[PDB]
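Only one chain is included here, represented as structure tokens and corresponding to the form solved without ligand AMP.
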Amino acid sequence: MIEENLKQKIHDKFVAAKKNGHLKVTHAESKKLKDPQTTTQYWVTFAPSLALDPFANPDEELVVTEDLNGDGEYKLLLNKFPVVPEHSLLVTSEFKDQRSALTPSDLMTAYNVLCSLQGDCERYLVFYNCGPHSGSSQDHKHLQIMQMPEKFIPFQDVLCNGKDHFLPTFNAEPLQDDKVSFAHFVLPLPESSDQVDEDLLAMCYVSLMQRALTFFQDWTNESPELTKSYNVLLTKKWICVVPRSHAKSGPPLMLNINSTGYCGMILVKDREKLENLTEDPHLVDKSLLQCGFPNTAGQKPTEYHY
């Protein structure tokens, strides 16, 4: 069960630690962009000062909760050097590898945290960077939770809008936006948290995973396995998985891309890059392709390697 008054606890732990120097906020400014070609909305954050096992012994002043549930599964830590204020890490109490899949209780715990923070009108995102190409910096398993920008509408939203929860089958594949350059898989989630339980979440994740895995494992055995990497993104309205080829993008930007990139949130460290993207928002779409695999919308996962 999720700690009571989690949101106030996060807030209060955060202001206190900013106050006395247990965390320092990196200054940043953000703005909206729109891909003229693909229509996809982006949120670009600019943090110049950035160009100039923490979970083992985390600073107690940063620990919002020792166990997010009754179980010794999870602790909730504040990010020590956040761009987004109150940005938090759900860390496995005991060590596990970040290359491991999300369990069912992982999913239910993350969804419950979202519900708790969202007041049941701010929006929260929960995400997981799995593997070397995901943008994962650390090997100790953790999820991340952060508030999404107030007016930002990620493409997943429009993708899922007015589309009821379902699960994939041979007739119905996960939603994927064809306008975007990159492979991704999304299921809408029920509007009401009463329709959401562990098993629904688990089945959502497994079926998304099976699509994501086809870029790594090959059923024809005409290729040897690759190393698995993917982003999981979870909000209250949908869940999404992105297979990842490279942690960092190619020549013009060379952005480090994590989960947030794939709902369209980009972090840039220098003003030349910031103006490149302003002039040409379509660069983001190109970067997302370099870091992922090309869009598979309208295809059976089975025919990828065949």
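Each residue number is its position in the shown sequence, starting from 1. Shifts are known only where both forms have a C-alpha. Rigid core: the largest C-alpha set superposing within 1.5 Å between the two forms.
Not on display, but discussed next: the form solved in complex with ligand AMP.
Identify whether ligand AMP in the deposited bound form is within 4.5 Å of every residue in the set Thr38, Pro154 and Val242, based on non-hydrogen atoms.
-> No.
Taking the partner as it appears in the deposited bound form, which of 234 to 242, 63 to 71, 275 to 283, 262 to 270 has residues with heavy atoms within 4.5 Å of ligand AMP?
-> This holds for exactly one stretch, 262 to 270.
Of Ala183, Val113, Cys204, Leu89, which one comes within 4.5 Å of ligand AMP in the deposited bound form, counting heavy atoms only?
-> The residue from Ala183, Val113, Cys204, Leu89 that makes the contact is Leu89.
Only one of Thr214, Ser136, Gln176, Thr109 has a non-hydrogen atom within 4.5 angstroms of ligand AMP in the deposited bound form; which is it?
-> None of the others qualify; the residue that does is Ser136.
So in the deposited bound form, does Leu76 come within 4.5 Å of ligand AMP, heavy atom to heavy atom?
-> Result no; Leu76 lies far from ligand AMP in the deposited bound form.
Heavy atom of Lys80 within 4.5 Å of ligand AMP in the deposited bound form | Answer yes; at least one heavy atom of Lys80 falls within 4.5 Å of ligand AMP in the deposited bound form.
Determine whether any heavy atom of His142 comes within 4.5 Å of a heavy atom of ligand AMP in the deposited bound form, and answer yes or no.
-> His142: contacts ligand AMP in the deposited bound form.
Within a 4.5 Å heavy atom cut-off, is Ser249 in contact with ligand AMP in the deposited bound form?
-> So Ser249 does not count as contacting ligand AMP.
Only counting residues present in both forms, give the runs of 3 or more in a row whose C-alpha shift is 2 Å or more between the shown form and the other one, core aligned.
-> Only this run moves by 2 Å or more: 298 to 300.
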